[PDB]
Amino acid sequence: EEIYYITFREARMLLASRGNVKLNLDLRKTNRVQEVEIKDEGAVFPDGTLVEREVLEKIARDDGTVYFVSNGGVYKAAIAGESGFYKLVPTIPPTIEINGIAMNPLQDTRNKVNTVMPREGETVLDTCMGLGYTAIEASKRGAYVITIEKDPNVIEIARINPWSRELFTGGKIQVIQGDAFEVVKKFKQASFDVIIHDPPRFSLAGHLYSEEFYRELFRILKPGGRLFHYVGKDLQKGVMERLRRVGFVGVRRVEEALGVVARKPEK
């Protein structure tokens, strides 16, 4: 029934600890710890499954993947599909690896969402899900979030990540699978109070930096609507330039969040 998430951190703990220990089994999502009694042949979890020393040693040495204990057995939070191999990586919080792809982390997503300050009663567009962390943070403020994910395997990996749970627990957030450049075309004009645009790097996602795309972002924003465009330069240049060309105003760097904000006029 319950899933116990375990990474190298927990396995090392259990191989080197004695008797019984209190450990966190949802990847620090909920701060709660549970007792796992240690035996010679392995560790038995709060469900009664014994993960044998063999398994814990294996995962104690593999610090590059998340594991979980579901029903009878232990499992690896990964998926083989199409031409890529995706896996959840035991960072805090977890990150996704697609064959091989990318206080620091969770503050960074709060800095991003802080640029546009989504409020209760507002609708936000998050153009590139990833694991959903920006979409979730924007929804925890009270806004209704639409978030686009191109890769159905990213969505499936998000599904077993306890940190992406709010993408799927009812509503507050709605997940569109598809191509963001094409999806935004089928959005109605003046739909969104804020847009958070966090695309892949220029060289791999040039069309998400195009005037054509920015015009679509412009069209679908409400008057007075807010845009954050991540940048992470010479492209910041064009981004700022192309956003004004398209209609945006208040276009400026936000240094903390490594991006550009903009505001659609005619409030």
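Note that residue numbering begins at 1 and tracks the sequence as displayed.
**Q** Looking at the deposited sequence, how many residues between residue 80 and residue 81 were given no coordinates in the entry: none, 1 to 3, 4 to 9, or 10 or more?
**A** Gap between residue 80 and residue 81: none.
**Q** Classify the number of deposited-sequence residues missing from the model between residue 206 and residue 207: none, 1 to 3, 4 to 9, or 10 or more.
**A** Count of unmodelled residues in between: none.
**Q** When the C-alpha temperature factors are averaged for each of 112-120 and 82-90, which stretch ends up with the higher value in the entry?
**A** Higher of the two, by average CA B-factor, is 82-90.
**Q** As stated in the PDB record, which stretch has the larger average Cα B-factor, 187-195 or 92-100?
**A** Mean CA B-factor is higher for 92-100.
**Q** At the C-alpha atoms, which of 39, 226, 28, 229 reaches the highest B-factor in this entry?
**A** So the option with the highest C-alpha B-factor is 39.
**Q** Just to confirm, going by the entry's C-alpha B-factors, which of 180, 146, 157, 106 comes out highest?
**A** Of the options given, 106 has the highest CA B-factor in the PDB entry.
**Q** Among all modelled residues of this chain, ranked by Cα B factor, put residue 243 in the bottom, middle or top third, i.e. lowest, middle or highest.
**A** Residue 243: CA B-factor falls in the lowest third of its chain.
**Q** Ranking every modelled residue in this chain by its Cα temperature factor as given in the entry, which third contains residue 44?
**A** Answer is highest: the recorded C-alpha B-factor places it there.
**Q** Sort the modelled residues of this chain by their C-alpha B factor and say whether residue 74 lands in the lowest, middle or highest third.
**A** According to the entry, residue 74 has a C-alpha B-factor in the chain's highest third.
**Q** Compared with the other modelled residues in the chain, in which third is the CA B-factor of residue 222?
**A** Its C-alpha B-factor belongs to the middle third of this chain's values.
**Q** Compared with the other modelled residues in the chain, in which third is the CA B-factor of residue 57?
**A** Tercile = highest for this residue's CA B-factor.
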